[PDB]
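Trainee: Sharing query_25.cif (mmCIF, C-alpha atoms) below.
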```cif
data_model
loop_
_atom_site.label_atom_id
_atom_site.label_comp_id
_atom_site.auth_asym_id
_atom_site.auth_seq_id
_atom_site.Cartn_x
_atom_site.Cartn_y
_atom_site.Cartn_z
CA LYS A 222 6.23 -17.77 123.72
CA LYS A 223 4.51 -21.20 123.57
CA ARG A 224 5.42 -23.74 120.86
CA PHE A 225 2.85 -26.45 120.14
CA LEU A 226 5.13 -28.18 117.67
CA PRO A 227 8.33 -29.27 119.46
CA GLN A 228 11.66 -27.95 118.33
CA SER A 229 13.85 -29.90 115.96
CA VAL A 230 16.40 -32.50 117.04
CA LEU A 231 17.87 -33.05 113.60
CA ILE A 232 19.26 -29.52 113.73
CA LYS A 233 21.73 -30.51 116.46
CA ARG A 234 23.68 -32.54 113.94
CA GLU A 235 24.51 -29.40 111.97
CA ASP A 236 27.18 -28.63 114.58
CA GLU A 237 28.15 -32.25 115.07
CA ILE A 238 28.51 -33.52 111.52
CA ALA A 239 31.24 -32.10 109.29
CA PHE A 240 29.42 -31.71 106.01
CA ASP A 241 32.06 -29.15 104.92
CA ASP A 242 34.91 -31.70 105.15
CA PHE A 243 34.46 -32.42 101.44
CA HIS A 244 33.29 -30.25 98.57
CA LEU A 245 33.32 -31.65 95.08
CA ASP A 246 32.63 -30.69 91.49
CA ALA A 247 29.20 -31.51 90.09
CA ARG A 248 30.24 -31.81 86.44
CA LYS A 249 33.35 -33.84 87.31
CA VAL A 250 31.36 -36.40 89.33
CA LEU A 251 28.80 -36.43 86.54
CA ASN A 252 31.67 -37.29 84.17
CA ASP A 253 33.29 -39.98 86.36
CA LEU A 254 29.94 -41.73 86.49
CA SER A 255 29.85 -42.58 82.78
CA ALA A 256 33.60 -43.58 82.98
CA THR A 257 34.91 -43.77 79.35
CA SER A 258 33.09 -44.45 76.05
CA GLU A 259 36.25 -43.86 73.96
CA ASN A 260 38.38 -46.97 73.82
CA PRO A 261 40.28 -49.23 71.41
CA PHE A 262 36.90 -50.52 70.29
CA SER A 263 35.11 -47.22 69.43
CA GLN B 13 38.12 65.05 96.55
CA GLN B 14 38.96 61.75 98.35
CA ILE B 15 37.21 59.18 100.55
CA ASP B 16 38.38 57.66 103.84
CA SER B 17 38.49 53.90 103.35
CA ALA B 18 37.18 53.75 106.94
CA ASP B 19 33.82 55.43 106.37
CA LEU B 20 33.49 53.06 103.38
CA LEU B 21 34.35 49.86 105.30
CA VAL B 22 31.70 50.11 108.04
CA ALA B 23 29.02 49.08 105.51
CA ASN B 24 30.90 46.04 104.25
CA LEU B 25 30.90 44.92 107.88
CA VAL B 26 27.11 44.97 108.29
CA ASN B 27 26.86 43.28 104.89
CA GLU B 28 29.19 40.52 106.11
CA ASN B 29 27.31 40.02 109.35
CA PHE B 30 24.15 39.83 107.31
CA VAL B 31 25.46 37.18 104.91
CA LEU B 32 26.51 35.22 108.00
CA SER B 33 23.12 35.49 109.73
CA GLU B 34 21.76 34.10 106.45
CA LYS B 35 24.22 31.18 106.41
CA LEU B 36 23.32 30.51 110.02
CA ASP B 37 19.60 30.07 109.41
CA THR B 38 20.42 28.02 106.29
CA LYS B 39 22.49 25.70 108.44
CA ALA B 40 19.97 25.53 111.25
CA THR B 41 17.30 24.26 108.89
CA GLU B 42 19.75 21.88 107.19
CA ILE B 43 20.36 20.33 110.62
CA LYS B 44 16.64 19.71 111.03
CA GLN B 45 16.54 17.98 107.63
CA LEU B 46 19.52 15.80 108.46
CA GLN B 47 18.09 14.96 111.87
CA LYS B 48 14.90 13.84 110.11
CA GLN B 49 16.79 11.63 107.68
CA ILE B 50 18.40 10.06 110.76
CA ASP B 51 15.08 9.43 112.51
CA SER B 52 13.70 7.85 109.31
CA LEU B 53 16.75 5.67 108.69
CA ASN B 54 16.70 4.50 112.31
CA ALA B 55 13.10 3.49 111.64
CA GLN B 56 14.05 1.48 108.54
CA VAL B 57 16.83 -0.26 110.46
CA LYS B 58 14.43 -1.26 113.23
CA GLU B 59 11.95 -2.58 110.68
CA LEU B 60 14.41 -4.40 108.42
CA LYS B 61 16.10 -6.03 111.41
CA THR B 62 12.76 -7.27 112.76
CA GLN B 63 11.40 -8.45 109.39
CA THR B 64 14.57 -10.43 108.70
CA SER B 65 14.27 -11.97 112.14
CA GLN B 66 10.64 -12.98 111.53
CA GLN B 67 11.35 -14.44 108.08
CA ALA B 68 14.07 -16.51 109.74
CA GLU B 69 11.78 -17.80 112.48
CA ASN B 70 9.09 -18.74 109.94
CA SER B 71 11.57 -20.66 107.81
CA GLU B 72 12.76 -22.61 110.84
CA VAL B 73 9.26 -23.68 111.89
CA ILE B 74 8.53 -24.96 108.43
CA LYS B 75 11.84 -26.83 108.82
CA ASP B 76 10.30 -28.28 111.96
CA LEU B 77 7.04 -29.24 110.25
CA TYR B 78 8.97 -31.11 107.57
CA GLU B 79 11.21 -32.70 110.20
CA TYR B 80 8.28 -34.21 112.12
CA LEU B 81 5.96 -34.92 109.19
CA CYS B 82 8.66 -36.42 106.95
CA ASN B 83 11.63 -37.17 109.27
CA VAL B 84 14.07 -35.19 107.09
CA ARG B 85 16.01 -31.94 107.44
CA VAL B 86 17.81 -29.87 104.79
CA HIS B 87 20.37 -28.06 106.97
CA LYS B 88 22.27 -25.67 104.72
CA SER B 89 23.09 -24.80 101.12
CA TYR B 90 26.31 -24.36 99.19
CA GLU B 91 27.20 -23.00 95.73
CA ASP B 92 30.31 -23.64 93.65
CA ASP B 93 30.66 -22.54 90.07
CA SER B 94 30.20 -26.26 89.40
CA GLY B 95 27.08 -27.12 91.38
CA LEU B 96 24.55 -26.29 94.07
CA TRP B 97 24.60 -28.46 97.21
CA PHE B 98 22.30 -29.24 100.12
CA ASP B 99 23.40 -30.87 103.38
CA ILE B 100 20.72 -33.22 104.71
CA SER B 101 19.90 -35.53 107.60
CA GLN B 102 17.24 -38.25 107.48
CA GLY B 103 15.60 -40.52 110.04
CA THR B 104 15.27 -40.71 113.83
CA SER B 114 19.63 -45.13 112.70
CA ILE B 115 20.21 -41.58 111.23
CA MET B 116 21.77 -40.81 107.81
CA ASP B 117 23.67 -37.66 106.75
CA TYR B 118 24.33 -36.85 103.10
CA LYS B 119 24.36 -34.14 100.42
CA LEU B 120 22.55 -33.61 97.14
CA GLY B 121 24.16 -31.70 94.28
CA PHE B 122 22.79 -30.07 91.16
CA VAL B 123 25.11 -29.26 88.21
CA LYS B 124 25.46 -25.55 87.53
CA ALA B 127 24.22 -26.58 82.14
CA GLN B 128 20.60 -27.68 81.68
CA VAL B 129 20.60 -31.48 81.46
CA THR B 130 19.82 -32.88 84.89
CA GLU B 131 20.22 -35.91 87.17
CA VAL B 132 21.03 -35.54 90.83
CA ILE B 133 24.28 -36.28 92.65
CA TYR B 134 24.11 -38.01 96.02
CA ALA B 135 27.17 -38.04 98.26
CA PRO B 136 27.12 -39.85 101.62
CA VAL B 137 28.64 -38.11 104.64
CA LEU B 138 30.13 -41.05 106.54
CA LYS B 139 33.32 -39.74 108.17
CA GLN B 140 33.49 -39.34 111.97
CA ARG B 141 31.08 -42.25 112.38
CA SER B 142 31.37 -45.03 114.94
CA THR B 143 32.68 -48.35 113.67
CA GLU B 144 29.57 -49.73 115.36
CA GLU B 145 27.15 -47.13 113.95
CA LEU B 146 28.49 -47.80 110.45
CA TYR B 147 27.61 -51.48 110.76
CA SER B 148 24.13 -50.55 111.97
CA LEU B 149 23.48 -48.31 108.98
CA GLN B 150 25.00 -50.87 106.59
CA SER B 151 22.57 -53.46 107.94
CA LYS B 152 19.62 -51.14 107.30
CA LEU B 153 20.90 -49.60 104.06
CA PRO B 154 21.89 -50.96 100.64
CA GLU B 155 25.59 -51.12 99.88
CA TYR B 156 25.48 -48.55 97.07
CA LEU B 157 24.05 -45.91 99.38
CA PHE B 158 27.45 -45.58 101.02
CA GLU B 159 28.99 -44.38 97.77
CA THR B 160 28.66 -41.20 95.73
CA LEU B 161 26.32 -41.81 92.80
CA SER B 162 23.45 -40.18 90.94
CA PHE B 163 19.74 -40.74 90.28
CA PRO B 164 17.25 -39.00 87.99
CA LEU B 165 15.37 -35.86 88.94
CA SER B 166 12.12 -37.82 88.65
CA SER B 167 13.49 -40.13 91.31
CA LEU B 168 13.92 -37.50 94.04
CA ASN B 169 10.81 -38.61 95.87
CA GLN B 170 11.60 -42.27 95.27
CA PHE B 171 15.11 -41.74 96.60
CA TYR B 172 13.71 -40.04 99.70
CA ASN B 173 11.35 -42.82 100.67
CA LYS B 174 13.98 -45.45 99.83
CA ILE B 175 16.01 -44.01 102.67
CA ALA B 176 12.89 -43.36 104.72
CA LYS B 177 11.71 -46.98 104.55
CA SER B 178 15.22 -48.26 105.13
CA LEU B 179 15.41 -46.42 108.45
CA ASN B 180 11.78 -46.93 109.59
CA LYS B 181 11.78 -50.71 108.88
CA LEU C 20 32.52 52.92 119.28
CA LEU C 21 30.50 50.51 117.21
CA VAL C 22 32.82 49.61 114.29
CA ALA C 23 34.66 47.62 116.95
CA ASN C 24 31.40 46.18 118.25
CA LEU C 25 30.66 45.17 114.67
CA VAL C 26 33.93 43.31 113.99
CA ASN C 27 33.36 41.48 117.25
CA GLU C 28 29.88 40.41 116.19
CA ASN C 29 31.42 38.99 113.03
CA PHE C 30 33.75 36.94 115.24
CA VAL C 31 30.85 35.53 117.24
CA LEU C 32 28.94 34.65 114.07
CA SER C 33 31.89 32.98 112.31
CA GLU C 34 32.22 30.77 115.37
CA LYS C 35 28.52 29.93 115.53
CA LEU C 36 28.65 28.83 111.91
CA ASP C 37 31.72 26.74 112.58
CA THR C 38 29.94 24.71 115.26
CA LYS C 39 27.01 24.30 112.86
CA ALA C 40 29.32 23.07 110.09
CA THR C 41 30.91 20.45 112.32
CA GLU C 42 27.51 19.25 113.58
CA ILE C 43 26.47 18.88 109.93
CA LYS C 44 29.61 16.89 109.15
CA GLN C 45 28.73 14.60 112.08
CA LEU C 46 25.11 14.03 111.08
CA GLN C 47 26.08 13.38 107.48
CA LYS C 48 28.47 10.74 108.82
CA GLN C 49 25.66 9.00 110.71
CA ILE C 50 23.46 9.26 107.63
CA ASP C 51 26.22 7.52 105.71
CA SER C 52 26.56 4.71 108.24
CA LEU C 53 22.80 4.09 108.34
CA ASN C 54 22.58 4.45 104.56
CA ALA C 55 25.05 1.55 104.55
CA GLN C 56 23.24 -0.62 107.10
CA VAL C 57 20.01 -0.29 105.14
CA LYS C 58 21.48 -1.43 101.82
CA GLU C 59 23.33 -4.35 103.38
CA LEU C 60 20.29 -5.49 105.36
CA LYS C 61 18.15 -5.21 102.24
CA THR C 62 20.38 -7.63 100.37
CA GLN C 63 20.94 -10.00 103.32
CA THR C 64 17.19 -10.56 103.60
CA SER C 65 16.62 -10.91 99.87
CA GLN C 66 19.44 -13.46 99.76
CA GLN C 67 18.20 -15.24 102.89
CA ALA C 68 14.77 -15.39 101.27
CA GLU C 69 16.02 -16.79 97.97
CA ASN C 70 18.08 -19.42 99.82
CA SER C 71 15.17 -20.42 102.04
CA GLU C 72 12.94 -20.59 98.97
CA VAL C 73 15.11 -23.09 97.08
CA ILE C 74 15.48 -25.25 100.18
CA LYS C 75 11.68 -25.14 100.41
CA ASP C 76 11.46 -26.38 96.81
CA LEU C 77 13.90 -29.17 97.62
CA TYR C 78 11.59 -30.30 100.42
CA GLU C 79 8.57 -30.11 98.14
CA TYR C 80 10.26 -32.49 95.70
CA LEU C 81 11.93 -34.80 98.22
CA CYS C 82 8.67 -35.23 100.21
CA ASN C 83 5.89 -34.50 97.68
CA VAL C 84 4.23 -32.09 100.10
CA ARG C 85 3.98 -28.28 99.89
CA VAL C 86 3.44 -26.20 103.04
CA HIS C 87 2.51 -22.87 101.53
CA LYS C 88 1.00 -21.13 104.56
CA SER C 89 0.56 -21.33 108.34
CA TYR C 90 -2.51 -20.19 110.35
CA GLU C 91 -1.66 -19.52 114.02
CA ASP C 92 -4.25 -18.56 116.60
CA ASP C 93 -3.77 -18.70 120.33
CA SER C 94 -5.65 -21.99 120.19
CA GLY C 95 -3.19 -23.83 117.98
CA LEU C 96 -0.71 -23.79 115.09
CA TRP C 97 -2.06 -24.48 111.62
CA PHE C 98 -0.45 -25.14 108.24
CA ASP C 99 -1.90 -25.33 104.78
CA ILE C 100 -0.77 -28.50 103.07
CA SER C 101 -0.93 -30.25 99.70
CA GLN C 102 0.29 -33.80 99.14
CA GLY C 103 0.71 -35.91 95.98
CA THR C 104 1.51 -35.34 92.30
CA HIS C 105 -0.11 -34.05 89.06
CA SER C 106 -1.21 -35.82 85.86
CA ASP C 112 -7.52 -39.64 87.68
CA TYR C 113 -6.26 -37.23 90.32
CA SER C 114 -3.58 -37.70 92.93
CA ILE C 115 -3.22 -34.59 95.14
CA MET C 116 -4.88 -33.99 98.52
CA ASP C 117 -4.87 -30.73 100.45
CA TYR C 118 -5.70 -30.30 104.10
CA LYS C 119 -4.81 -28.22 107.13
CA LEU C 120 -2.80 -29.51 110.06
CA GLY C 121 -3.19 -28.15 113.55
CA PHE C 122 -1.04 -28.67 116.62
CA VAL C 123 -2.74 -28.23 119.99
CA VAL C 129 -0.33 -32.73 126.00
CA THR C 130 0.01 -31.85 122.27
CA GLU C 131 -2.36 -33.34 119.70
CA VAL C 132 -2.64 -33.05 115.91
CA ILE C 133 -5.85 -32.08 114.12
CA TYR C 134 -6.16 -33.10 110.49
CA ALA C 135 -8.86 -31.25 108.55
CA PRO C 136 -9.78 -31.92 104.90
CA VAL C 137 -10.01 -29.23 102.21
CA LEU C 138 -12.10 -30.13 99.24
CA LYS C 139 -14.17 -27.23 98.15
CA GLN C 140 -11.89 -26.38 95.22
CA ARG C 141 -12.25 -29.63 93.24
CA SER C 142 -14.15 -31.34 90.44
CA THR C 143 -16.61 -34.16 91.04
CA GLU C 144 -14.37 -36.37 88.92
CA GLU C 145 -11.24 -35.42 90.86
CA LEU C 146 -13.28 -36.08 93.99
CA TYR C 147 -14.31 -39.54 92.75
CA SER C 148 -10.73 -40.60 92.05
CA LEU C 149 -9.56 -39.30 95.42
CA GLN C 150 -12.50 -40.98 97.20
CA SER C 151 -11.53 -44.35 95.72
CA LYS C 152 -7.74 -44.04 96.20
CA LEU C 153 -8.12 -42.90 99.84
CA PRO C 154 -9.66 -44.37 103.00
CA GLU C 155 -13.05 -42.95 103.91
CA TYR C 156 -11.67 -41.33 107.07
CA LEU C 157 -9.23 -39.15 105.19
CA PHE C 158 -12.41 -37.22 104.41
CA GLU C 159 -13.14 -36.59 108.12
CA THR C 160 -11.51 -34.20 110.58
CA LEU C 161 -9.36 -36.40 112.82
CA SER C 162 -7.20 -36.06 115.91
CA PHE C 163 -4.16 -38.10 116.96
CA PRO C 164 -0.81 -37.72 118.77
CA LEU C 165 2.32 -36.16 117.32
CA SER C 166 3.72 -39.69 117.46
CA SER C 167 1.42 -40.79 114.64
CA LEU C 168 2.22 -37.78 112.43
CA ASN C 169 4.97 -39.44 110.40
CA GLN C 170 2.79 -42.55 110.21
CA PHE C 171 -0.07 -40.37 109.00
CA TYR C 172 2.12 -38.84 106.31
CA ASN C 173 3.13 -42.19 104.88
CA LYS C 174 -0.43 -43.43 104.60
CA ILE C 175 -1.48 -40.51 102.44
CA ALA C 176 1.65 -40.79 100.35
CA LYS C 177 1.01 -44.46 99.60
CA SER C 178 -2.63 -43.83 98.78
CA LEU C 179 -1.92 -41.30 96.02
CA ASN C 180 0.54 -42.56 93.37
#
```
Output the structure of this file as C-alpha cells.

Mentor:
Amino acid sequence: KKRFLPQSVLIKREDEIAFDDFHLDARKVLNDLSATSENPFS
Amino acid sequence: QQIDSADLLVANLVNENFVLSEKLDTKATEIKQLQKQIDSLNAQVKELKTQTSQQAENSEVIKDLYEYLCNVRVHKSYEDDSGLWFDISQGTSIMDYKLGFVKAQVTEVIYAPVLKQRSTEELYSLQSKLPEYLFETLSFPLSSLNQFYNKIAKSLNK
Amino acid sequence: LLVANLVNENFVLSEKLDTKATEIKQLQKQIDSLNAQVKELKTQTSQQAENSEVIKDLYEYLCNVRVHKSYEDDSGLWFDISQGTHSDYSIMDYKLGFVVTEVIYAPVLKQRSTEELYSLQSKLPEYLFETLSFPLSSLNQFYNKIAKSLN
C-alpha cells in the first residue's frame, strides 16, 4: 500500500499524445531513405 | 395353454423402475463430478486473474524505475506486417516519438517524431534544444540505439 | 393393488431423472463458460508477458541498463541492476534501494575477476565502490555518471 518510488508522470502523456494518428510501413520508409540508385547514369 | 400379458407385464415394471434407480445414482454421482470441475475451474480463474494482475503491476514499476533512472518511457507497442513499433516519451522540454523495426533480417532503426498537436511555442522550445533533423523521420543503426537515446537525453538535460 | 402403485413409482422416477438431466445440462454449460475463460486468460497473460518482455529489451538497449530483479522488504524497494556493455571490462552491477524518500546504492562485485576489477577500478570513481545514499533528485544524475565512466 506504500510506494517508495513515486509513480510515473510520463505515463500521463499516453492519453494526451496521439501516437496512433499515423502508422507507417517499415520497409517503405526504409526504401524512401535510400531514394533511387537507378538513374540515367547507372 | 396361453398366458395373460398382464401377469407377464408386472415384472417388466420392476425391471424398469430398477434401471431408473440405476440411472438416478449414475446421475447423482455425475453431478458431484461436474460440481468438482466447477470448483476447480473457479480456482484457476481466481489464480490466473490475480497472477495476470501481479505481472502487470511488476511491469509498471520497472517502467517507473526506468522513467526516474533514465528519464524515458516506452508507452505501448504496435505490430504491422511491415514493422514493430514502440511509442516513447523522453525528458522532463519533453519529446514524443516512435521507433520501428522492419518485420527481413537486415536491420537499422526507424525513428519517427510525433509532433502534431504541439504548441507553436513548445515547438520552438524543442527546436532550440534539438537538432533540425530530429524533427523528421529518419533511421540510425542498431548499434546507435544507446547513442541515439543519450543524444536526446543530453539535448533535453542541457 | 400394486401394479398401479408400480406404474406410479415409474412416473416419480422418470421425473426425478429429468430434473437431474437438466441440472447436468446447466453445470456442463458453466463448465464450458469457465473452460473458455481459462483458455482466454492463459493466452492474454502469455501475450502480455511477451509484449512486456520485448519492451524490457528495448529499454535495455536504449539505456544500457538491465533491471532483472527487484527485492522488496517492508524496509525499502530494491532492484538488481547491471550497467554498461561487453567486449578491459565495462559493466557494473549493483542494487538500488528506495527508502522523505532516499536512494541507497550498493555495489555488487563478488562475481568478478581481479582483472575485470582492475579495469573497473580505474574507469570508475573510488566511491562507486562504496554503499552510498542520496535523494531521488540525484538518481538521473547518478545514472549518467556511471554511463560516462564505462564506455

Trainee: So, counting only C-alpha atoms, which residue among A:249, A:222, A:262, A:257 is closest to chain B?

Mentor: A:249

Trainee: Provide as a VMD selection string the residues of chain C at most 9 Å from chain B, counting all atoms listed in the file.

Mentor: chain C and resid 22 25 to 26 28 to 29 32 to 33 35 to 36 39 to 40 42 to 43 46 to 47 49 to 50 53 to 54 56 to 57 60 to 61 63 to 64 67 to 68 70 to 72 74 to 75 77 to 78 80 to 84 86 89 98 165 to 166 168 to 173

Trainee: Convert the output of the PyMOL selection byres ((chain B) within 9 of (chain A)) on the shown file into explicit residues, formatted as a ChimeraX atom specification.

Mentor: /B:72-73,75-77,79-80,83-85,87-88,92-97,99-104,117-119,121-124,131-133,137,139-140,160-162

Trainee: Applied to this file, what does the PyMOL selection byres ((chain C) within 8 of (chain A)) return in terms of residues, put as a VMD selection string?

Mentor: chain C and resid 95 to 96 122 to 123 130

Trainee: CA of residue 162 in chain C and CA of residue 134 in chain C are how many Å apart?

Mentor: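 CA of residue 162 in chain C sits 6.3 Å away from CA of residue 134 in chain C.
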
Trainee: Would you compute the distance between CA of residue 167 in chain C and CA of residue 118 in chain C? Give it in Å to one decimal.

Mentor: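 These atoms are spaced 16.5 Å apart.
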
Trainee: To one decimal place in Å, what is the distance between CA of residue 159 in chain C and CA of residue 179 in chain C?

Mentor: 17.2 Å

Trainee: Rebuild range 232-254 of chain A to N, CA and C atoms - output it as a compact mmCIF listing (two decimals), keeping the file's coordinate frame, please.

Mentor:
```txt
# COMPACT_ATOMS: atom_id res chain seq x y z
N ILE A 232 18.41 -30.69 113.90
CA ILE A 232 19.26 -29.52 113.73
C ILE A 232 20.55 -29.66 114.51
N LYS A 233 20.52 -30.34 115.66
CA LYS A 233 21.73 -30.51 116.46
C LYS A 233 22.89 -30.99 115.61
N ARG A 234 22.62 -31.91 114.70
CA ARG A 234 23.68 -32.54 113.94
C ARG A 234 24.43 -31.56 113.08
N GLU A 235 23.82 -30.43 112.74
CA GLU A 235 24.51 -29.40 111.97
C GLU A 235 25.84 -29.02 112.59
N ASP A 236 25.91 -28.95 113.93
CA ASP A 236 27.18 -28.63 114.58
C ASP A 236 28.06 -29.85 114.66
N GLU A 237 27.44 -31.02 114.77
CA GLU A 237 28.15 -32.25 115.07
C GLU A 237 28.76 -32.89 113.85
N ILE A 238 28.07 -32.85 112.72
CA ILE A 238 28.51 -33.52 111.52
C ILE A 238 29.26 -32.53 110.65
N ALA A 239 30.40 -32.97 110.11
CA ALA A 239 31.24 -32.10 109.29
C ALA A 239 30.88 -32.34 107.84
N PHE A 240 29.81 -31.68 107.41
CA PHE A 240 29.42 -31.71 106.01
C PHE A 240 30.46 -31.01 105.15
N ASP A 241 31.10 -29.96 105.67
CA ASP A 241 32.06 -29.15 104.92
C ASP A 241 33.43 -29.81 104.77
N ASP A 242 33.63 -31.02 105.31
CA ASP A 242 34.91 -31.70 105.15
C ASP A 242 35.23 -32.00 103.69
N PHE A 243 34.22 -32.20 102.85
CA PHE A 243 34.46 -32.42 101.44
C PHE A 243 33.53 -31.55 100.61
N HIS A 244 34.07 -30.97 99.55
CA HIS A 244 33.29 -30.25 98.57
C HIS A 244 33.76 -30.72 97.22
N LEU A 245 32.85 -31.10 96.34
CA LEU A 245 33.32 -31.65 95.08
C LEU A 245 32.59 -31.02 93.90
N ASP A 246 33.10 -31.33 92.71
CA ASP A 246 32.63 -30.69 91.49
C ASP A 246 31.52 -31.50 90.86
N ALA A 247 30.36 -30.88 90.71
CA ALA A 247 29.20 -31.51 90.09
C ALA A 247 29.54 -32.13 88.74
N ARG A 248 30.01 -31.32 87.79
CA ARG A 248 30.24 -31.81 86.44
C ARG A 248 31.34 -32.87 86.37
N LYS A 249 32.33 -32.80 87.27
CA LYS A 249 33.35 -33.84 87.31
C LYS A 249 32.75 -35.18 87.71
N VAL A 250 32.07 -35.22 88.85
CA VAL A 250 31.36 -36.40 89.33
C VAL A 250 30.47 -36.94 88.22
N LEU A 251 29.69 -36.05 87.62
CA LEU A 251 28.80 -36.43 86.54
C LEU A 251 29.56 -36.93 85.32
N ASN A 252 30.86 -36.67 85.22
CA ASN A 252 31.67 -37.29 84.17
C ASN A 252 32.14 -38.68 84.59
N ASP A 253 32.80 -38.75 85.75
CA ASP A 253 33.29 -39.98 86.36
C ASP A 253 32.26 -41.08 86.34
N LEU A 254 30.98 -40.72 86.38
CA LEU A 254 29.94 -41.73 86.49
C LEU A 254 29.75 -42.50 85.18
```
